[PDB]
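Single-structure report; data block below.
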Amino acid sequence: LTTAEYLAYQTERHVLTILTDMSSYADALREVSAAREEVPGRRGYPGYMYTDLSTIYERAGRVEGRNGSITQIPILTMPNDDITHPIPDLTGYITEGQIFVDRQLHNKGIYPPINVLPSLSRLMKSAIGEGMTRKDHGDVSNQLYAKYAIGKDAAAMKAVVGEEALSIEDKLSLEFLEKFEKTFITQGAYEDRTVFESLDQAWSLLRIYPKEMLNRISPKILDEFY
Amino acid sequence: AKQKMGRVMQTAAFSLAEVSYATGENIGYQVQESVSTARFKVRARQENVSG
Numbered sequence: 260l261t262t263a264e265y266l267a268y269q270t271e272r273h274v275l276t277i278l279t280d281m282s283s284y285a286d287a288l289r290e291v292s293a294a295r296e297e298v299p300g301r302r303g304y305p306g307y308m309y310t311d312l313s314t315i316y317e318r319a320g321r322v323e324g325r326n327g328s329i330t331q332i333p334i335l336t337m338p339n340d341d342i343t344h345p346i347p348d349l350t351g352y353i354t355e356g357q358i359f360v361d362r363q364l365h366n367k368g369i370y371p372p373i374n375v376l377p378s379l380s381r382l383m384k385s386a387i388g389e390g391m392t393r394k395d396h397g398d399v400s401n402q403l404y405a406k407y408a409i410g411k412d413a414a415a416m417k418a419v420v421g422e423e424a425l426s427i428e429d430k431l432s433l434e435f436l437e438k439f440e441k442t443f444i445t446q447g448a449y450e451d452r453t454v455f456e457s458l459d460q461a462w463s464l465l466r467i468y469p470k471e472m473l474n475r476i477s478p479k480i481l482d483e484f485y
Numbered sequence: 053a054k055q056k057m058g059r060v061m062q063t064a065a066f067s068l069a070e071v072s073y074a075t076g077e078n079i080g081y082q083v084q085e086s087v088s089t090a091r092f093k094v095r096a097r098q099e100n101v102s103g
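Keeping their order, the protein sequence lines are chains D and M.
Each residue of the first sequence is one higher than the one before, counting from 260 in the deposited numbering.
Each residue of the second sequence is one higher than the one before, counting from 53 in the deposited numbering.
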């Protein structure tokens, strides 16, 4: 973070630090705290872990005077895959948004095992704008999230009510879920997808629907892109 | 189907009355006598309607 602060603010460049194993950092903080004869907090971790993680995280951000920026992707390792764990809880409190990697997705397929239902970005609306990237980004992403949720619901409902009894909007949603978890999310470890190419692929998946089915997308965007 | 079955039952009763009038006697006894085997049979089919 000191190197990022230097580069971004005294050099006017964008950084995007990627801190790995915040769980390992928290364990290191645990050992440093307990070496000073201090009682452990809730889950053994020091009570001031919130303050320390707040310093480490909030060391990032944009400033008015300088043209640089410090984005941050602190990559945690949730013990026992528990969100109620102190490190995930404090990180969710301090940071804005969260990206989840799913064990079910990892078992089912290949990189990246990221599920979109529990993963969201709080300042997404600012990044996905009109002048920056494309004007259809927000509508496409919202539509994809809604149809992925409906696809998961239909996949659960198929084994309950039979495949035939599913509605048209459920069969199409199941097909979209298959082509989504298998072609859109599924990305090679070395292949690079620009934002525009990713949006084009998202539209390619979204075109299996009738134009009336896509409800979250604005009518102008539907007329121009679909 | 209940309405249609009522209408069909009325039509069949009228047809049976006409047939009995044409024959001059009730064919019920003859039908009962010739009831050795049933020509009409119904086989159950396990259709999958919804779940």
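All C-beta atoms in this analysis are idealised placements derived from N, C-alpha and C, irrespective of residue type, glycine included.
Just to confirm the assignment, what range does the alpha helix (DSSP H) spanning residue i have?
| i | result |
| --- | --- |
| residue 358 of chain D | Not the alpha helix (DSSP H): residue 358 of chain D falls in the beta strand (DSSP E), residues 357–360. |
| residue 411 of chain D | 396–420 |
| residue 57 of chain M | 54–75 |
| residue 368 of chain D | From DSSP, residue 368 of chain D is part of no alpha helix (DSSP H); its letter is neither H nor E. |
| residue 98 of chain M | Neither: residue 98 of chain M is in no alpha helix (DSSP H) and is coded neither H nor E. |
| residue 313 of chain D | 308–317 |
| residue 439 of chain D | No alpha helix (DSSP H) holds residue 439 of chain D; DSSP gives it neither H nor E. |
| residue 346 of chain D | 345–353 |
| residue 469 of chain D | Here residue 469 of chain D belongs to no alpha helix (DSSP H), and DSSP marks it neither H nor E. |
What first and last residue would you give for the beta strand (DSSP E) that runs through residue i?
| i | result |
| --- | --- |
| residue 377 of chain D | 373–379 |
Should residue i be listed as close to the ligand GTP, given that the test is whether its C-beta is under 7 Å from any heavy atom?
| i | result |
| --- | --- |
| residue 316 of chain D | With respect to small molecules bound, the structure shown includes none, and the ligand GTP cannot be examined in it. |
Name, in chain order, the residues that DSSP records as bridge partners for residue i.
| i | result |
| --- | --- |
| residue 334 of chain D | D:279 |
| residue 273 of chain D | D:328 |
List the residues of chain D whose Cβ lies closer than 7 Å to the Cβ of residue i, in chain order.
| i | result |
| --- | --- |
| residue 78 of chain M | By Cβ distance, chain D contributes nothing, its closest Cβ being about 50 Å from residue 78 of chain M, past 7 Å. |
| residue 102 of chain M | 420, 421, 424 |
Rounding to the nearest angstrom, what Cα-Cα distance links residue i and residue j in this structure?
| i | j | result |
| --- | --- | --- |
| residue 460 of chain D | residue 453 of chain D | 11 Å |
| residue 458 of chain D | residue 479 of chain D | 16 Å |
| residue 354 of chain D | residue 316 of chain D | 7 Å |
| residue 231 of chain D | residue 295 of chain D | Limits of chain D in this structure are 260 at one end and 485 at the other, which puts residue 231 of chain D out of reach. |
| residue 100 of chain M | residue 439 of chain D | 30 Å |
| residue 309 of chain D | residue 373 of chain D | 26 Å |
| residue 345 of chain D | residue 468 of chain D | 42 Å |
| residue 386 of chain D | residue 394 of chain D | 11 Å |
| residue 402 of chain D | residue 414 of chain D | 18 Å |
| residue 390 of chain D | residue 326 of chain D | 18 Å |
| residue 273 of chain D | residue 392 of chain D | 17 Å |
| residue 359 of chain D | residue 377 of chain D | 7 Å |
Subject >> Residues in the region 424–435 of chain D having any Cβ partner in chain M nearer than 9 Å >> reply: 424
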